[PDB]
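*Asks:* Got a structure for you, written out below as structure tokens; questions coming shortly.
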Amino acid sequence: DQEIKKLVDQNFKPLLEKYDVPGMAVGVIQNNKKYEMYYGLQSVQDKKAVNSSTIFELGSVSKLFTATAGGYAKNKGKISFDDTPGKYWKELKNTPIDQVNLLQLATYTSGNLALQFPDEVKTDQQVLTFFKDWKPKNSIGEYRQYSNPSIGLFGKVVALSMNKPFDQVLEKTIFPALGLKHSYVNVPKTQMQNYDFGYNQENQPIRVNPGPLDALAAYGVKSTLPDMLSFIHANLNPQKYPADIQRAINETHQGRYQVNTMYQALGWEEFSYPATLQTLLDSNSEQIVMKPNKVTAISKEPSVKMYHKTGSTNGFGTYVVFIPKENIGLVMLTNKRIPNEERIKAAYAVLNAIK
């Protein structure tokens with residue numbers, strides 16, 4: 001009786017006091033039934049409660065939507081994952097980065113792209129110059145190094161293949177196909193009352209830096225708890241959706257290579273299910289997140305899988321996880337970052353008790 005509420009109150013609610021988080025939204029979906037729990041405030045100053053309309057910055061969870069957009073384009077034949085960027089972004093033809101293919105960009109294996117652009121790369125024109133000046137380092141395809149530039153280039157190519165800027169790819173094609181009505185790249189004026197600053201580690205209000213427009217594909221999406229639960233629902237139960245978006249979602253579930261106990265899918269990290277808590281924590285280790293790691297081609301993909309993704313901005317935290325075989329998933333959104341390990345542990349405690 002009210003198992004989900006009790007588990008969320010036991011495992012997530014104490015994190016607000018522990019880390020002085022102003023507001024948190026936790027959603028659990030089980031057997032196509034969505035449970036939403038909210039704690040605290042969207043705005044400390046205004047005393048406005050965090051609610052089902054509150055818009056949160058997703059940080060790197062934005063990459064799940066870029067991945068879905070790439071899967072959408074690929075299954076309509078608009079791109080091949082074996083293509084290179086210069087086929088679509090013609091000012092990259094005859095450059096060294098035109099030896100990297102789109103799957104390698106989407107899965108962080110170009111061999112010379114770090115977590116962030118250099119600090120001086122602030123505009124899209126500087127982004128293009130950066131890619132023109134790029135030269136290889138490690139063997140292409142061999143090393144995973146988690147990278148915002150890498151995804152940003154993949155998203156730009158996807159947008160070019162769809163004859164629309166990236167913000168419109170998501171806002172006009174992908175979000176509508178998923179039935180998401182309050183997810184945004186650019187939050188409109190009519191929604192600004194629902195989109196407040198997040199809070200930094202000193203509880204000072206802070207908003208994500210726009211960065212060059214190409215970085216929106218890496219970390220620029222904002223969404224609500226009900227929309228994120230709908231997105232999990234689409235990942236668990238795609239048959240309710242348009243065929244082209246079913247194929248896009250399916251594309252993001254296929255493992256592309258292995259690193260230790262993790263499989264890298266498009267956007268999602270993938271694990272054999274059941275996964276130990278330690279396996280899930282290891283996916284967030286400094287070694288995996290910050291360093292190049294040699295990849296291994298998949299022999300046999302696990303027959304039963306689960307998927308997760310963390311994301312943060314300076315003022316927000318996100319965690320999403322789903323388990324097809326159990327028909328369950330969970331989303332956590334906060335307007336202050338908390339350690340990724342706390343998100344993963346709390347979600348593990350909830351989902352493992354509702355099996």
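Order determines the names: the first chain of the structure tokens is A, the second B, and so forth; residues in each chain are numbered 1 upward, and ligands are numbered 1 upward as they are shown.
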For residue A:323, list every protein, DNA or RNA residue within 12 Å, evaluated using only C-alpha atoms, and leave out those in the same chain fewer than 6 positions away; present the list as number ranges by chain.
*Replies:* A: 28-31, 232-233, 235-237, 253, 270-275, 304-308, 329-330, 347-348, 351-352, 354-355
*Asks:* Residues of the last selection are to be written out with N, CA and C atoms, as a compact mmCIF listing (two decimals), in the first residue's frame.
*Replies:*
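Okay, result_38.txt is ready:
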# COMPACT_ATOMS: atom_id res chain seq x y z
N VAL A 28 7.90 8.28 -10.70
CA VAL A 28 8.08 6.85 -10.89
C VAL A 28 6.96 6.38 -11.78
N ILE A 29 7.29 5.59 -12.79
CA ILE A 29 6.27 4.99 -13.62
C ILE A 29 6.36 3.48 -13.45
N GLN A 30 5.21 2.86 -13.22
CA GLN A 30 5.14 1.43 -12.99
C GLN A 30 3.88 0.96 -13.69
N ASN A 31 4.03 0.02 -14.62
CA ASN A 31 2.88 -0.56 -15.30
C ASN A 31 2.00 0.51 -15.92
N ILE A 232 10.13 8.72 -20.42
CA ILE A 232 10.40 7.37 -19.95
C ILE A 232 9.35 6.41 -20.44
N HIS A 233 8.08 6.81 -20.37
CA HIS A 233 7.00 5.97 -20.86
C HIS A 233 7.23 5.58 -22.31
N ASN A 235 10.04 5.34 -23.86
CA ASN A 235 11.14 4.39 -23.90
C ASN A 235 10.72 2.99 -23.44
N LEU A 236 9.77 2.89 -22.50
CA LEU A 236 9.27 1.60 -22.03
C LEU A 236 8.18 1.01 -22.91
N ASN A 237 7.35 1.84 -23.53
CA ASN A 237 6.11 1.40 -24.17
C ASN A 237 5.94 2.19 -25.46
N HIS A 253 18.43 2.48 -27.90
CA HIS A 253 18.55 1.37 -26.96
C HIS A 253 19.62 0.37 -27.37
N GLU A 270 23.89 1.79 -20.92
CA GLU A 270 23.17 0.52 -20.90
C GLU A 270 23.92 -0.48 -20.03
N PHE A 271 23.18 -1.31 -19.31
CA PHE A 271 23.76 -2.30 -18.40
C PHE A 271 22.99 -3.60 -18.51
N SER A 272 23.68 -4.72 -18.29
CA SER A 272 22.95 -5.97 -18.11
C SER A 272 22.07 -5.88 -16.86
N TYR A 273 20.82 -6.32 -16.98
CA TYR A 273 19.91 -6.30 -15.83
C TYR A 273 19.68 -7.72 -15.35
N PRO A 274 19.74 -7.99 -14.03
CA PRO A 274 19.97 -7.01 -12.97
C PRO A 274 21.40 -6.49 -12.89
N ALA A 275 21.53 -5.21 -12.54
CA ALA A 275 22.81 -4.56 -12.35
C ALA A 275 23.00 -4.30 -10.86
N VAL A 304 18.88 -9.03 -21.34
CA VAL A 304 18.00 -8.22 -20.50
C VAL A 304 18.79 -7.00 -20.05
N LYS A 305 18.22 -5.80 -20.23
CA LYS A 305 18.99 -4.57 -20.12
C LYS A 305 18.28 -3.56 -19.22
N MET A 306 19.06 -2.62 -18.68
CA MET A 306 18.51 -1.41 -18.09
C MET A 306 19.35 -0.23 -18.59
N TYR A 307 18.84 0.98 -18.39
CA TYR A 307 19.46 2.16 -18.98
C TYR A 307 19.37 3.31 -17.98
N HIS A 308 20.38 4.17 -17.96
CA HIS A 308 20.29 5.38 -17.16
C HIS A 308 21.08 6.52 -17.78
N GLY A 329 10.33 2.84 -14.37
CA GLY A 329 11.37 3.84 -14.52
C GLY A 329 11.19 4.94 -13.51
N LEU A 330 12.20 5.80 -13.44
CA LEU A 330 12.24 6.86 -12.44
C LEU A 330 12.95 8.07 -13.00
N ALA A 347 17.69 6.08 -6.33
CA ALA A 347 16.85 5.47 -7.36
C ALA A 347 16.93 3.95 -7.29
N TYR A 348 18.13 3.42 -6.99
CA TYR A 348 18.29 1.98 -6.87
C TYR A 348 17.44 1.44 -5.73
N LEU A 351 13.65 1.50 -6.97
CA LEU A 351 13.26 0.56 -8.01
C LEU A 351 13.47 -0.89 -7.58
N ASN A 352 14.51 -1.16 -6.79
CA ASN A 352 14.74 -2.54 -6.40
C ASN A 352 13.71 -3.05 -5.42
N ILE A 354 10.44 -2.19 -5.65
CA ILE A 354 9.15 -2.31 -6.35
C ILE A 354 9.17 -3.37 -7.45
N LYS A 355 10.26 -4.12 -7.59
CA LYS A 355 10.31 -5.22 -8.54
C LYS A 355 9.13 -6.18 -8.36
*Asks:* Any idea what's packed within 8 Å of stretch 153-159 of chain A, counting only C-alpha atoms, ignoring anything in its chain fewer than 3 positions away? Could you give it as a list in words?
*Replies:*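 The filter keeps residues 66, 69, 70, 73, 79, 85, 88, 89, 102, 105, 106, 149, 150, 162, 163, 164, 165, 166, 169, 214 and 217 of chain A.
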*Asks:* Limited to C-alpha atoms, could you put the picked residues into a file as an mmCIF file, in the first residue's frame?
*Replies:*
data_model
loop_
_atom_site.group_PDB
_atom_site.id
_atom_site.type_symbol
_atom_site.label_atom_id
_atom_site.label_comp_id
_atom_site.auth_asym_id
_atom_site.auth_seq_id
_atom_site.Cartn_x
_atom_site.Cartn_y
_atom_site.Cartn_z
ATOM 1 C CA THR A 66 19.781 14.608 -29.374
ATOM 2 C CA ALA A 69 16.750 13.064 -33.044
ATOM 3 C CA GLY A 70 19.696 11.236 -34.590
ATOM 4 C CA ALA A 73 16.947 11.029 -39.013
ATOM 5 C CA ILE A 79 21.872 10.213 -42.516
ATOM 6 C CA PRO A 85 30.232 15.421 -41.002
ATOM 7 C CA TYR A 88 26.214 17.605 -44.426
ATOM 8 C CA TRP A 89 28.312 20.487 -43.047
ATOM 9 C CA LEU A 102 28.600 10.228 -37.046
ATOM 10 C CA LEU A 105 30.836 11.530 -32.744
ATOM 11 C CA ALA A 106 27.576 10.490 -31.036
ATOM 12 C CA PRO A 149 31.816 19.137 -28.476
ATOM 13 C CA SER A 150 31.463 15.624 -29.889
ATOM 14 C CA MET A 162 16.695 17.617 -41.359
ATOM 15 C CA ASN A 163 16.898 21.034 -43.055
ATOM 16 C CA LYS A 164 16.070 22.831 -39.779
ATOM 17 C CA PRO A 165 18.086 24.396 -36.958
ATOM 18 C CA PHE A 166 18.570 22.064 -33.995
ATOM 19 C CA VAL A 169 14.368 19.712 -34.769
ATOM 20 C CA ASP A 214 25.685 24.185 -31.122
ATOM 21 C CA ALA A 217 22.517 19.602 -28.368
#
*Asks:* Could you pull the residues within 10 Å of residue A:16, counting only C-alpha atoms, minus those fewer than 3 positions along the same chain, as a list in words?
*Replies:*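 Listed by chain and then number, they are residues 12, 13, 19, 20, 21, 22, 23, 24, 39, 40, 334, 336 and 338 of chain A.
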*Asks:* Let's have the selection written as a PDB file, in the first residue's frame, with C-alpha atoms.
*Replies:*
ATOM      1  CA  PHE A  12      14.785  10.911  -1.864  1.00  0.00           C
ATOM      2  CA  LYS A  13      13.136  13.309   0.590  1.00  0.00           C
ATOM      3  CA  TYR A  19      22.192  19.105   0.650  1.00  0.00           C
ATOM      4  CA  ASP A  20      19.948  22.157   1.291  1.00  0.00           C
ATOM      5  CA  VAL A  21      18.176  21.628  -2.060  1.00  0.00           C
ATOM      6  CA  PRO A  22      15.329  24.140  -2.528  1.00  0.00           C
ATOM      7  CA  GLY A  23      13.102  21.910  -4.666  1.00  0.00           C
ATOM      8  CA  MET A  24      12.899  18.365  -5.996  1.00  0.00           C
ATOM      9  CA  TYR A  39       9.184  18.629  -2.331  1.00  0.00           C
ATOM     10  CA  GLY A  40      10.038  22.251  -1.674  1.00  0.00           C
ATOM     11  CA  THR A 334      16.408  19.141  -8.561  1.00  0.00           C
ATOM     12  CA  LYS A 336      20.500  22.320  -6.921  1.00  0.00           C
ATOM     13  CA  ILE A 338      23.667  16.852  -5.527  1.00  0.00           C
TER      14      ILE A 338
END
*Asks:* Pick the closest to residue A:296 from A:267, A:141, A:176, A:238: which is it, counting only C-alpha atoms?
*Replies:*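 Using only C-alpha atoms, the shortest distance to residue A:296 belongs to A:141.
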*Asks:* Tell me, which residues of stretch 322-353 of chain A carry DSSP alpha helix (DSSP H), written as number ranges by chain?
*Replies:* A: 340-353
*Asks:* Check the smallest atom-to-atom distance from each of A:42, A:75, A:60, A:53 to residue A:247 using only C-alpha atoms, then report the winner.
*Replies:*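 Distance minimum relative to residue A:247 lands on A:75.
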*Asks:* List every residue of stretch 120-301 of chain A that DSSP, applied to the backbone of this structure, places in strand (DSSP E or B), and write the result as an MDAnalysis selection string.
*Replies:* chainID A and resid 143:144 184 198:199 205:206 222:223 257:259 262:264 269:272 293:294 296
*Asks:* So, counting only C-alpha atoms, which residue among A:244, A:298, A:291, A:129 is closest to residue A:261?
*Replies:*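 Selected residue with least distance to residue A:261: A:298.
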*Asks:* Work out how far atom CA of residue A:318 is from atom CA of residue A:128, in Å to one decimal.
*Replies:*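 Atom CA of residue A:318 lies at a distance of 29.8 Å from atom CA of residue A:128.
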*Asks:* Neighbours of residue A:56 within 8 Å (only C-alpha atoms; same-chain residues fewer than 2 positions away dropped), as a count of residues only?
*Replies:* 10
*Asks:* Quick one: pull the distance between atom CA of residue A:317 and atom CA of residue A:119, Å, one decimal.
*Replies:*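 Those two atoms sit 22.8 Å apart.
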*Asks:* Extract, using only C-alpha atoms, all DNA, RNA and protein residues at most 10 Å from residue A:255, discarding same-chain residues fewer than 3 positions from it, and format them as a list in words.
*Replies:*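 Counting only the stated atoms, we get residues 251, 252, 258, 262, 263, 264, 265, 266, 268, 269, 270, 271, 297, 298, 300, 301, 302 and 305 of chain A.
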*Asks:* Generate the output file for the selected residues, N, CA and C atoms, as a PDB file, in the first residue's frame.
*Replies:*
ATOM      1  N   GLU A 251      16.373   3.107 -31.686  1.00  0.00           N
ATOM      2  CA  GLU A 251      17.762   3.329 -32.055  1.00  0.00           C
ATOM      3  C   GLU A 251      18.607   3.668 -30.841  1.00  0.00           C
ATOM      4  N   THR A 252      18.037   4.358 -29.863  1.00  0.00           N
ATOM      5  CA  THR A 252      18.797   4.773 -28.690  1.00  0.00           C
ATOM      6  C   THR A 252      19.005   3.657 -27.683  1.00  0.00           C
ATOM      7  N   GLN A 258      31.365  -1.595 -25.552  1.00  0.00           N
ATOM      8  CA  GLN A 258      31.417  -1.825 -24.119  1.00  0.00           C
ATOM      9  C   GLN A 258      32.632  -1.116 -23.534  1.00  0.00           C
ATOM     10  N   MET A 262      29.769  -1.262 -18.586  1.00  0.00           N
ATOM     11  CA  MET A 262      28.843  -0.353 -19.227  1.00  0.00           C
ATOM     12  C   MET A 262      28.821  -0.637 -20.724  1.00  0.00           C
ATOM     13  N   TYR A 263      27.657  -0.452 -21.328  1.00  0.00           N
ATOM     14  CA  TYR A 263      27.532  -0.432 -22.779  1.00  0.00           C
ATOM     15  C   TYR A 263      27.090   0.968 -23.163  1.00  0.00           C
ATOM     16  N   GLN A 264      27.735   1.552 -24.154  1.00  0.00           N
ATOM     17  CA  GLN A 264      27.374   2.888 -24.609  1.00  0.00           C
ATOM     18  C   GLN A 264      26.339   2.753 -25.708  1.00  0.00           C
ATOM     19  N   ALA A 265      25.128   3.208 -25.445  1.00  0.00           N
ATOM     20  CA  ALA A 265      24.112   3.332 -26.476  1.00  0.00           C
ATOM     21  C   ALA A 265      24.135   4.776 -26.980  1.00  0.00           C
ATOM     22  N   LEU A 266      23.180   5.146 -27.839  1.00  0.00           N
ATOM     23  CA  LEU A 266      23.071   6.550 -28.257  1.00  0.00           C
ATOM     24  C   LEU A 266      22.408   7.320 -27.129  1.00  0.00           C
ATOM     25  N   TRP A 268      21.869   7.072 -24.002  1.00  0.00           N
ATOM     26  CA  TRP A 268      21.737   6.235 -22.813  1.00  0.00           C
ATOM     27  C   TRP A 268      23.010   5.441 -22.556  1.00  0.00           C
ATOM     28  N   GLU A 269      23.301   5.249 -21.271  1.00  0.00           N
ATOM     29  CA  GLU A 269      24.196   4.191 -20.823  1.00  0.00           C
ATOM     30  C   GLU A 269      23.364   2.954 -20.539  1.00  0.00           C
ATOM     31  N   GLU A 270      23.889   1.790 -20.923  1.00  0.00           N
ATOM     32  CA  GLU A 270      23.174   0.523 -20.900  1.00  0.00           C
ATOM     33  C   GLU A 270      23.922  -0.478 -20.034  1.00  0.00           C
ATOM     34  N   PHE A 271      23.175  -1.305 -19.307  1.00  0.00           N
ATOM     35  CA  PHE A 271      23.760  -2.295 -18.405  1.00  0.00           C
ATOM     36  C   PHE A 271      22.990  -3.601 -18.513  1.00  0.00           C
ATOM     37  N   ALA A 297      34.493  -3.915 -28.744  1.00  0.00           N
ATOM     38  CA  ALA A 297      33.335  -4.234 -29.565  1.00  0.00           C
ATOM     39  C   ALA A 297      32.453  -5.225 -28.819  1.00  0.00           C
ATOM     40  N   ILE A 298      31.144  -5.108 -29.008  1.00  0.00           N
ATOM     41  CA  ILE A 298      30.244  -5.996 -28.290  1.00  0.00           C
ATOM     42  C   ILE A 298      30.292  -7.375 -28.930  1.00  0.00           C
ATOM     43  N   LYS A 300      28.176 -10.345 -27.591  1.00  0.00           N
ATOM     44  CA  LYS A 300      26.738 -10.554 -27.532  1.00  0.00           C
ATOM     45  C   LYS A 300      26.167  -9.497 -26.604  1.00  0.00           C
ATOM     46  N   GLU A 301      25.223  -8.715 -27.106  1.00  0.00           N
ATOM     47  CA  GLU A 301      24.590  -7.718 -26.262  1.00  0.00           C
ATOM     48  C   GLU A 301      23.810  -8.436 -25.162  1.00  0.00           C
ATOM     49  N   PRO A 302      23.760  -7.891 -23.943  1.00  0.00           N
ATOM     50  CA  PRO A 302      22.967  -8.536 -22.888  1.00  0.00           C
ATOM     51  C   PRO A 302      21.534  -8.757 -23.345  1.00  0.00           C
ATOM     52  N   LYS A 305      18.221  -5.799 -20.231  1.00  0.00           N
ATOM     53  CA  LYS A 305      18.989  -4.567 -20.118  1.00  0.00           C
ATOM     54  C   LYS A 305      18.285  -3.559 -19.217  1.00  0.00           C
TER      55      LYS A 305
END
*Asks:* List the neighbours of stretch 92-99 of chain A out to 8 Å using only C-alpha atoms; skip same-chain residues closer than 4 positions along the sequence, and give me the result as a ChimeraX atom specification.
*Replies:* /A:84-87,131-136
*Asks:* Show which residues sit within 12 Å of residue A:231, as a ChimeraX atom specification. Count only C-alpha atoms, and ignore same-chain residues fewer than 6 positions away.
*Replies:* /A:27-29,32,34,61-62,64-65,68,174-183,223-225,237-238,241,245-246,249,320-322,329-331
*Asks:* Selected residues, N, CA, C and O atoms, written as a compact mmCIF listing (two decimals), in the first residue's frame, please.
*Replies:*
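Contents of the output file part_25.txt:
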# COMPACT_ATOMS: atom_id res chain seq x y z
N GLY A 27 9.57 11.34 -10.09
CA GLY A 27 8.51 10.62 -10.78
C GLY A 27 8.88 9.16 -10.88
O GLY A 27 10.05 8.82 -11.13
N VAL A 28 7.90 8.28 -10.70
CA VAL A 28 8.08 6.85 -10.89
C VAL A 28 6.96 6.38 -11.78
O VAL A 28 5.80 6.75 -11.57
N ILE A 29 7.29 5.59 -12.79
CA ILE A 29 6.27 4.99 -13.62
C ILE A 29 6.36 3.48 -13.45
O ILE A 29 7.46 2.90 -13.45
N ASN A 32 2.64 1.49 -16.54
CA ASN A 32 2.00 2.58 -17.27
C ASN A 32 1.23 3.53 -16.37
O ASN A 32 0.37 4.27 -16.85
N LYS A 34 1.74 6.65 -13.63
CA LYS A 34 2.75 7.63 -13.28
C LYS A 34 2.46 8.23 -11.91
O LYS A 34 1.35 8.69 -11.64
N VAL A 61 21.37 15.24 -19.65
CA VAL A 61 20.22 14.44 -20.04
C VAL A 61 19.63 14.95 -21.36
O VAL A 61 18.95 14.21 -22.07
N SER A 62 19.94 16.21 -21.72
CA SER A 62 19.61 16.72 -23.05
C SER A 62 20.12 15.80 -24.16
O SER A 62 19.51 15.72 -25.23
N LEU A 64 19.92 12.73 -24.43
CA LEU A 64 18.96 11.68 -24.79
C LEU A 64 18.03 12.16 -25.90
O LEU A 64 17.61 11.35 -26.74
N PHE A 65 17.71 13.45 -25.93
CA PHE A 65 16.87 13.99 -26.99
C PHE A 65 17.66 14.16 -28.28
O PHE A 65 17.13 13.88 -29.37
N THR A 68 17.78 10.76 -29.69
CA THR A 68 16.50 10.41 -30.31
C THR A 68 16.36 11.10 -31.67
O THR A 68 15.89 10.49 -32.64
N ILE A 174 10.68 16.44 -32.77
CA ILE A 174 10.87 15.35 -31.82
C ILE A 174 9.93 15.48 -30.61
O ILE A 174 9.26 14.51 -30.24
N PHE A 175 9.91 16.65 -29.96
CA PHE A 175 9.03 16.81 -28.79
C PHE A 175 7.57 16.57 -29.15
O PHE A 175 6.88 15.85 -28.41
N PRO A 176 7.04 17.11 -30.26
CA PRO A 176 5.64 16.79 -30.61
C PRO A 176 5.40 15.31 -30.86
O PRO A 176 4.36 14.78 -30.45
N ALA A 177 6.32 14.62 -31.53
CA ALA A 177 6.13 13.19 -31.78
C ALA A 177 6.08 12.40 -30.48
O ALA A 177 5.40 11.37 -30.40
N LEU A 178 6.81 12.85 -29.45
CA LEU A 178 6.80 12.24 -28.13
C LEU A 178 5.64 12.71 -27.26
O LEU A 178 5.51 12.24 -26.12
N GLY A 179 4.83 13.65 -27.73
CA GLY A 179 3.75 14.17 -26.92
C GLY A 179 4.20 15.05 -25.76
O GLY A 179 3.46 15.19 -24.78
N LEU A 180 5.39 15.64 -25.85
CA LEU A 180 5.92 16.48 -24.78
C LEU A 180 5.53 17.92 -25.04
O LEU A 180 5.96 18.51 -26.04
N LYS A 181 4.76 18.49 -24.13
CA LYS A 181 4.18 19.81 -24.37
C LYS A 181 4.85 20.91 -23.58
O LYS A 181 4.55 22.08 -23.83
N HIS A 182 5.75 20.59 -22.66
CA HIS A 182 6.45 21.60 -21.87
C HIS A 182 7.93 21.28 -21.80
O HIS A 182 8.58 21.41 -20.75
N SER A 183 8.51 20.88 -22.92
CA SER A 183 9.94 20.68 -23.04
C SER A 183 10.46 21.65 -24.09
O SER A 183 9.80 21.84 -25.12
N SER A 223 12.90 20.90 -19.15
CA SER A 223 11.66 20.13 -19.19
C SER A 223 11.04 20.06 -17.80
O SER A 223 11.61 20.52 -16.81
N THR A 224 9.85 19.47 -17.73
CA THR A 224 9.10 19.32 -16.49
C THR A 224 9.11 17.86 -16.08
O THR A 224 9.41 16.97 -16.88
N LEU A 225 8.70 17.59 -14.84
CA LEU A 225 8.58 16.19 -14.43
C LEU A 225 7.57 15.42 -15.26
O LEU A 225 7.88 14.29 -15.68
N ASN A 237 7.35 1.84 -23.53
CA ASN A 237 6.11 1.40 -24.17
C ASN A 237 5.94 2.19 -25.46
O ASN A 237 5.04 3.03 -25.60
N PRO A 238 6.81 1.95 -26.45
CA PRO A 238 6.80 2.78 -27.66
C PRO A 238 5.64 2.50 -28.61
O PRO A 238 5.38 3.34 -29.48
N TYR A 241 3.06 5.15 -30.00
CA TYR A 241 3.62 6.35 -30.60
C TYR A 241 3.72 6.24 -32.11
O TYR A 241 3.66 5.14 -32.67
N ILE A 245 8.84 7.82 -34.72
CA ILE A 245 9.45 8.07 -33.40
C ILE A 245 9.69 6.76 -32.65
O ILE A 245 10.65 6.65 -31.88
N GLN A 246 8.87 5.72 -32.88
CA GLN A 246 9.21 4.40 -32.34
C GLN A 246 10.59 3.99 -32.79
O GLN A 246 11.41 3.51 -32.00
N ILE A 249 13.31 5.98 -30.98
CA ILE A 249 13.50 5.52 -29.61
C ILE A 249 14.27 4.20 -29.59
O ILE A 249 15.24 4.03 -28.83
N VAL A 320 17.74 9.93 -14.75
CA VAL A 320 16.66 9.14 -15.35
C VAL A 320 17.13 7.70 -15.52
O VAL A 320 18.30 7.45 -15.85
N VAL A 321 16.24 6.76 -15.26
CA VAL A 321 16.57 5.33 -15.34
C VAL A 321 15.32 4.55 -15.71
O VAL A 321 14.21 4.90 -15.29
N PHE A 322 15.47 3.49 -16.51
CA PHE A 322 14.33 2.62 -16.79
C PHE A 322 14.78 1.19 -17.02
O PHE A 322 15.92 0.92 -17.42
N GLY A 329 10.33 2.84 -14.37
CA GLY A 329 11.37 3.84 -14.52
C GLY A 329 11.19 4.94 -13.51
O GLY A 329 10.18 5.02 -12.80
N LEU A 330 12.20 5.80 -13.44
CA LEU A 330 12.24 6.86 -12.44
C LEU A 330 12.95 8.07 -13.00
O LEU A 330 13.92 7.95 -13.75
N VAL A 331 12.46 9.26 -12.63
CA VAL A 331 13.10 10.52 -12.94
C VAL A 331 13.25 11.31 -11.66
O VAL A 331 12.30 11.40 -10.87
*Asks:* Which residue, A:207, A:37, A:199, A:104, has the smallest gap to residue A:7 when you use only C-alpha atoms?
*Replies:*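 The closest residue to residue A:7 is A:37.
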*Asks:* Using only C-alpha atoms, which of the listed residues (A:337, A:33, A:137, A:144) sits closest to residue A:293?
*Replies:*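 Among the listed residues, A:144 lies closest to residue A:293.
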